[PDB]
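Here's the letter readout for the chains.
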Amino acid sequence: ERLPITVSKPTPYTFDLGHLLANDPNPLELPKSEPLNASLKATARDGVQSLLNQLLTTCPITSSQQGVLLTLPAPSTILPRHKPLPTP
Amino acid sequence: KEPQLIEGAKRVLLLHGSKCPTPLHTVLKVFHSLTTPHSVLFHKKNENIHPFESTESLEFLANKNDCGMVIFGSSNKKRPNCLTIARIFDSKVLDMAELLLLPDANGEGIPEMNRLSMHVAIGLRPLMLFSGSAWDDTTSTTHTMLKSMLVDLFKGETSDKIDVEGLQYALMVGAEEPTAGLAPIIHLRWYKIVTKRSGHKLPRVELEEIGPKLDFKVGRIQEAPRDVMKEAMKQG
């Protein structure tokens, strides 16, 4: 009720929760008045806030003896294979 | 060893060239730790290996260790502190990229480490954040390749389930907004995630800086033949 859990930027974040991934397409803000690591840390904090919000909000949660588990959607970012698709 | 319909974690080979400097070795060690248990660290002082001259020996070591990815440290006058990332498809190199390690913020350097942090379990899946507009540019083949490679490198073993307790750390790969005439720069930073109560049902996120703080300048790129690439992109 007093500290914001929402981040807003001109361009919205995108997500690939299957890879636990978030994209912040907004320009990387690196002000000269501030140390690099601080700016990077701020951007990162915003992005991880967004990513965690998305994970907790949009994923199915299952609580059991196996623990508290998020169900992740299949990875949307397609990556190259190591070995060719097997002989059928 | 034989083709599988669903491949597991892409195995990673980490090795280095002649007289590779200490920061690069630290990077190789940390990367080795982050890709545990599906990585291989070769401590040989390898010489005569020059990937952009020939990927043959590279392919040999990678295939002999059944690795789909190779991280090769090297250094010379023209290209100092060079980290070469190469992917292997069908026993040959698919695509390749150079990342040249930039000097520290100014005068601390890169501390010697063998792992990311004592506050982070070895082999945990990272949260990943790609910040900057370059990652969203479909015409920048460099950033497309780098994003693909980095996700491929650090995704570990993907699964449709994850414990809420496993969400402990994040990797940010920030692409500096590019300028004409200059090679693109990227920043890699790791953070321990600390969640505080915020009043809302969603927790407030704060970060703790952890691990090495890496700044890279992109060097040479070797793209994959569209034939080979589209063959590699086919999902079963």
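Summary of conventions: residues on each chain are numbered from 1 in written sequence order, possibly unlike the entry numbering, and any residue without coordinates is omitted from what is shown. Chain letters start at A and ligand numbers start at 1, both assigned in the order the entries are written. With hydrogens and water stripped out, all remaining heavy atoms of the structure feed into the side-chain values.

- Header annotation of the entry names X-ray crystallography as the structure determination method and lists the resolution as 2.35 Å.

- Chain B carries the name Ribosome biogenesis protein, putative (AFU_orthologue AFUA_8G04790) in the PDB entry, which gives Emericella nidulans as its organism.
- Looking at the PDB record, one finds the entry titled "Structure of Rpf2-Rrs1 complex involved in ribosome biogenesis".
- According to its UniProt record, chain B has this under Subcellular location (unreviewed entry): "Nucleus, Nucleolus".
- UniProt positions are given in the numbering used here, feature names are shortened, and annotations may be inferred rather than shown by experiment. On record in UniProt, under Sequence similarities (unreviewed entry), the comment for chain B is "Belongs to the RPF2 family."

- Chain A goes by Ribosome biogenesis protein (Rrs1), putative (AFU_orthologue AFUA_7G04430) in the PDB entry, where it is assigned to Emericella nidulans.

### Some remarks on the overall build of chain B
Point 1. In DSSP terms, a helix is any run of H or I states spanning at least four residues, a strand is any run of E spanning at least two, and both are numbered starting from the N terminus. Each helix and strand in chain B was counted, giving four helices and 10 strands.
Point 2. For chain B, the α and β elements follow one another from N to C terminus as β-α-β-α-β-β-β-β-α-β-β-β-β-α.
Point 3. Atoms counted for the radius of gyration: C-alpha only. Globule rule: 2.2 Å times residue count to the power 0.38. Taking 18 Å as the expected radius of gyration for a compact globule of 236 residues, we find that chain B reaches 18 Å, a close match to that expectation.
Point 4. Remark: exposure states derive from per-residue accessible area (1.4 Å probe, protein chains only) relative to the maximum for the residue type, with buried under 20%, exposed over 50%, and partly exposed in between. Expressed as a percentage of the 236 residues in chain B, the buried residues total 50%.
Point 5. Any two residues whose heavy atoms approach within 4.5 Å at even a single point are treated as in contact. A fraction of 68% describes how many contacts in chain B between residues 6 or more apart in sequence connect residues 24 or more apart.
Point 6. Per-residue accessibility takes into account occlusion by the displayed protein chains alone, with areas from the Shrake-Rupley method and a 1.4 Å probe. Carbon together with sulfur atoms contributes 50% to the accessible area of chain B, which is approximately 11600 Å² in total.
Point 7. Positive and negative side-chain charges in chain B, numbering 30 and 29 respectively, have mean positions lying 3 Å apart. Residues scored as charged are limited to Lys and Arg (positive) and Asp and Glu (negative), so that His and the chain ends carry no count. One atom stands in for each charge, and that atom is NZ of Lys, CZ of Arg, CG of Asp or CD of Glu.

### Topic: the side chain of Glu98(B)
Residue and element names in this part refer to chain B.
Point 1. Within the secondary structure, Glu98 is located in strand β5 (residues 92-101).
Point 2. Accessibility expressed as a relative area gives 4% for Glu98, which makes it buried.
Point 3. Between N or O atoms, a polar contact is any pair within 3.5 Å; within protein, one atom must be a potential hydrogen donor and the other a potential acceptor, and residues adjacent in sequence are included only when both atoms are from side chains. Within the structure, the side chain of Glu98 is placed 2.8 Å from the side chain of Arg220, a separation counted as a polar contact.

### Quick look at the interface of chain A and chain B
Point 1. Counting from both sides, the interface comprises 49 residues of chain A and, opposite them, 68 residues of chain B.
Point 2. Once two parts are put together, the accessible area they lose, assessed with a 1.4 Å probe and summed over both, is termed the buried area. Both faces combined, the contact of chain A with chain B buries some 5300 Å², and carbon together with sulfur accounts for 65% of it.
Point 3. The three residues of chain A that bury the most area against chain B are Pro80(A), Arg81(A) and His82(A), which together make up 14% of that side's buried surface.
Point 4. Counted as salt bridges are all cases of a side-chain nitrogen of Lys or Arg within 4 Å of a carboxyl oxygen of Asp or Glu. At the junction of chain A and chain B, the tally comes to two salt bridges.
Point 5. Here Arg81(A) ties to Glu7(B) by a salt bridge, and the two come within 3.8 Å at their closest N and O atoms.
Point 6. Our count for the contact surface shared by chain A and chain B stands at 26 residue pairs in polar contact.
Point 7. Contributing elements (two or more residues each) for the side of chain A that touches chain B: β2 (21-24), α1 (36-58) and β4 (67-71) of chain A.
Point 8. Tallied by class, the residues present in the side of chain A that touches chain B amount to 28 nonpolar, 14 polar and seven charged. Any residue outside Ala, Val, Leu, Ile, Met, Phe, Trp, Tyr, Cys, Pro, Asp, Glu, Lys and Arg is labelled polar, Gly included; the first ten of those are nonpolar and the last four are charged.

### What to know about the UniProt feature "domain: Brix" (unreviewed entry) in chain B
Point 1. UniProt's entry tags residues 10-227 of chain B with the feature "domain: Brix" (unreviewed entry), counted in the numbering of this structure.
Point 2. Span residues 10-227 of chain B is 17% helix and 38% strand, its end C-alpha atoms 21 Å apart.

### Here we look at the pattern of salt bridges
Residue and element names in this part refer to chain B.
Point 1. This structure, assessed with the given rule, holds 15 salt bridges over all chains.
Point 2. With a shortest N-O distance of 2.8 Å, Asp95 and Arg87 are connected by a salt bridge. Just as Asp95 is buried, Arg87 falls in that class too.
Point 3. Salt bridges here are not isolated pairs; linked through shared partners, they connect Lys10, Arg87, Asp95, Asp152 and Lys155.

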